[PDB]
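Participant: Please find one structure pasted underneath; my questions will follow.
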């Protein structure tokens, strides 16, 4: 590649200029290194939390500016590094190559591209730890959005800046819940609507690189990589990389949302990020805290999540809605990281172990799941008309709560049980099948109006598909309006009732 | 065909790097490091005289 | 263009354009349709006339 030769010439010209203006005579020499942390002397005037460029090639952050020995973790493998190699002060706080161009590119810790697509343009390289907007530059969740999979989403919405959280066991596919959530950035984002745009940016904090390939392929095939920047941090990658990755995602979220367009984020498994912070603290010198994990686990978690918000029109009414994903062991809701985060995030969707093998590909514990904004910022289809359907969702969840071993006191309880159980067998939006703001209310409305409830529970698995297709090719005007008019009016309710009669008939 | 092209492009950079190893070995083997020492001295002198 | 030395994108597009009609449709129903229509229509007309006569009776 002659272009590779030109790139080599340009880079070596930059290197020759750097060497000519080295301005590095008293810069530090790495005294010792280990566990991705390097104890380095010198560097007498290094600004705190500024990347340090190391001779072995791998760089790293400088965390603890201790008296004399300034501690810089190594953001790369140690087999290259060695004691005494020169440490070059980058002179800048850790900043991430950020901007709209990164679209479809998988970037390393600070933003080094890793797919092999070459450079990606930048609209700003800001520090990895930005101060979040306060009170006045913040605002309410006045603009709703769609989670894509019905996924108990009309039940508990995910609105502008709704800092929702999740949980699950190993291989719980909560990652897949995230992926489906992202895929909904194709029914609005793939159009041309900024107001409908929610430019998602997933993360990859500590996952097997094979899983990374699976994510990339699933993004391309369903045509998601057009709208999702997936920052990557391999399990084979070094601990400082994984630790800094969530900060990089924060930077990308700032670069997007701060511009004034409504954007979204979904941090990957953040439990690995916590384990990385544990490595960074307990390995460098910092005494451990509660749950044997580093003391500032909450501090790091907040500084990640608290970056997300929904600013006001003063700041452009944009937002960076976030869906941080935490992992437990044994689906443990009661844990230091899990409970502490559930205090930080404004929404929770609990994924169990039984249901993960018991009855639902989604297996989202509807009763356990909750979001701190159900009314404000919910699908206007799911509330403005189906607000009674949301209260019915809560009521039927409470109903199924008591459905374990109680007798048959009456027929009312039994009818509620059968209808709600058909509804639950219905509501699981199949994997990678995001199709929502068209007949969301329909399930509960038909159950209370007795359209689907009269069908067999098992048969609903195809009856729903038939009803949807009938609404599509037969109730096309009414279904398209429910998509677009923004509400299911009493007249549209009557037309949908007619379409429901048609679906019941054929 | 496109995938074959992408793989051959990567093979090109890999072969370029492999020949760059021999190129670097030439730099030490040939005493152009003698011809490089004066250049290093001049560059460092200019750098120190910069400020 | 993404394939700089494909040397077959010309050939592939040539086959594609030359394979515009892989085959034809088959609307061979031209007398079977007529016979089915005749049988069905005569039978249904007999049924309808019988039903009307039963109504009158």
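A short reminder: the numbers here are calculations on the coordinates, not readings from a lab. Quick reminder, even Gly has a Cβ in these numbers, built from the backbone with ideal geometry, and neighbours come from all protein chains shown.
Participant: Picking from A:42, A:71, A:91, A:84, which residue would you name as being more than 14 Å from every other protein chain (Cβ to nearest Cβ), in contact with a helix residue (DSSP H, G or I) (Cβ under 8 Å, 6 or more places away or on another chain) and over 30 Å from residue A:210 (Cβ atoms)?
Facilitator: Going through A:42, A:71, A:91, A:84 in turn, just one is more than 14 Å from every other protein chain (Cβ to nearest Cβ), in contact with a helix residue (DSSP H, G or I) (Cβ under 8 Å, 6 or more places away or on another chain) and over 30 Å from residue A:210 (Cβ atoms): A:71.
Participant: Hey, another quick one. Among B:9, B:3, which is within 12 Å of another protein chain (Cβ to nearest Cβ) and loosely packed, with under 11 Cβ neighbours inside 10 Å?
Facilitator: Going through B:9, B:3 in turn, the sole match is B:3.
Participant: Among the residues of the stretch A:315-330, count how many are over 19 Å from residue A:203 (Cα atoms) and either part of a strand (DSSP E or B) or touching a helix residue (DSSP H, G or I) at 6+ places or on another chain (Cβ under 8 Å) (or both).
Facilitator: Selection size over the stretch A:315-330: 1.
Participant: Exactly one of these conditions fails for residue A:115: (1) exposed (fewer than 13 other Cβ atoms within 10 Å of the Cβ); (2) under 35 Å from the mean Cα position of the chain (by Cα); (3) within 14 Å of another protein chain (Cβ to nearest Cβ). Give me its number.
Facilitator: It fails just one condition, (1).
Participant: I'd like to know if the stretch B:33-51 contains one or more residues that are part of a helix (DSSP H, G or I), more than 13 Å from every other protein chain (Cβ to nearest Cβ) and closer than 28 Å to residue A:3 by Cα.
Facilitator: Within the stretch B:33-51 (the criterion being part of a helix (DSSP H, G or I), more than 13 Å from every other protein chain (Cβ to nearest Cβ) and closer than 28 Å to residue A:3 by Cα), the answer is no, since none of the residues qualifies.
Participant: What tally of residues in the stretch A:125-152 results from selecting those that are within 19 Å of residue A:264 (Cβ to Cβ) and either free of Cβ contacts under 8 Å to residues at least 24 places away in the same chain or not in a loop (DSSP other than H, G, I, E, B) (or both)?
Facilitator: Qualifying residue count for the region: 2.
Participant: Please verify whether the stretch A:167-186 includes one or more residues that are surrounded by fewer than 20 Cβ atoms within 10 Å (Cβ to Cβ) and in contact with a strand residue (DSSP E or B) (Cβ under 9 Å, 6 or more places away or on another chain).
Facilitator: Scanning the stretch A:167-186, I find at least one residue that is surrounded by fewer than 20 Cβ atoms within 10 Å (Cβ to Cβ) and in contact with a strand residue (DSSP E or B) (Cβ under 9 Å, 6 or more places away or on another chain), so the answer is yes.
Participant: If you don't mind, another one. Can you give me the ranges of the strands (runs of 3 or more DSSP E) entirely in the stretch A:1-101 with at least 2 residues that are more than 30 Å from residue A:264 (Cα to Cα)?
Facilitator: A:32-34, A:37-40, A:50-54, A:62-65, A:70-73, A:87-93
Participant: Mind listing whichever residues of the stretch A:187-224 are at positive phi and either surrounded by 18 or more Cβ atoms within 10 Å (Cβ to Cβ) or in contact with a strand residue (DSSP E or B) (Cβ under 6 Å, 6 or more places away or on another chain) (or both)?
Facilitator: A:206
Participant: Where the second residue is loosely packed, with under 10 Cβ neighbours inside 10 Å and the first is farther than 14 Å from residue B:1 by Cβ and lies in the stretch C:11-26, which pairs have Cβ atoms under 8 Å and are six or more apart or on separate chains?
Facilitator: none
Participant: For the condition at negative phi, part of a helix (DSSP H, G or I) and surrounded by fewer than 16 Cβ atoms within 10 Å (Cβ to Cβ), what is the one hit in A:433, A:502, A:495?
Facilitator: A:502
Participant: In the stretch A:1-22, what residues are out of contact with any helix residue (DSSP H, G or I) (no Cβ under 8 Å at 6 or more places or on another chain), closer than 21 Å to residue A:85 by Cα and within 10 Å of another protein chain (Cβ to nearest Cβ)?
Facilitator: A:16
Participant: For the stretch A:333-349, indicate whether the set of residues that are under 29 Å from residue A:462 (Cβ atoms) and touching a strand residue (DSSP E or B) at 6+ places or on another chain (Cβ under 8 Å) is non-empty.
Facilitator: Yes - at least one qualifying residue is present in the stretch A:333-349.
Participant: Every residue in the stretch A:1-30 that is touching a residue at least 60 places away in the same chain (Cβ under 8 Å) and either surrounded by fewer than 13 Cβ atoms within 10 Å (Cβ to Cβ) or over 15 Å from residue B:43 (Cα atoms) (or both), please.
Facilitator: Result: A:27, A:28.
Participant: If residue A:450 satisfies every condition in (1) part of a helix (DSSP H, G or I); (2) exposed (fewer than 15 other Cβ atoms within 10 Å of the Cβ) but one, which is the exception?
Facilitator: (1)
Participant: Could you list all residues from the stretch A:280-289 that are in contact with a helix residue (DSSP H, G or I) (Cβ under 6 Å, 6 or more places away or on another chain) and more than 21 Å from residue A:250 (Cα to Cα)?
Facilitator: Once the filter is applied, which keeps residues that are in contact with a helix residue (DSSP H, G or I) (Cβ under 6 Å, 6 or more places away or on another chain) and more than 21 Å from residue A:250 (Cα to Cα), the stretch A:280-289 yields only A:288.
Participant: Out of all the residues in the stretch A:482-492, which are out of contact with any helix residue (DSSP H, G or I) (no Cβ under 7 Å at 6 or more places or on another chain) and closer than 17 Å to residue A:443 by Cβ?
Facilitator: A:483
Participant: Then there is this: Return a yes/no flag: does the stretch A:302-314 have any residue that is surrounded by fewer than 24 Cβ atoms within 10 Å (Cβ to Cβ), in contact with a helix residue (DSSP H, G or I) (Cβ under 7 Å, 6 or more places away or on another chain) and in a loop (DSSP other than H, G, I, E, B).
Facilitator: Within the stretch A:302-314 (the criterion being surrounded by fewer than 24 Cβ atoms within 10 Å (Cβ to Cβ), in contact with a helix residue (DSSP H, G or I) (Cβ under 7 Å, 6 or more places away or on another chain) and in a loop (DSSP other than H, G, I, E, B)), the answer is no, since none of the residues qualifies.
Participant: Which one of these does residue C:4 not meet: (1) closer than 30 Å to residue B:6 by Cα; (2) not in a loop (DSSP other than H, G, I, E, B)?
Facilitator: Among (1) closer than 30 Å to residue B:6 by Cα; (2) not in a loop (DSSP other than H, G, I, E, B), the lone unmet condition for residue C:4 is (2).
Participant: State whether the residues of the stretch B:12-22 include one that is without any contact (Cβ under 8 Å) to a residue 12 or more places away in the chain, within 16 Å of residue A:5 (Cα to Cα), more than 14 Å from chain C (Cβ to nearest Cβ) and touching a helix residue (DSSP H, G or I) at 6+ places or on another chain (Cβ under 8 Å).
Facilitator: yes
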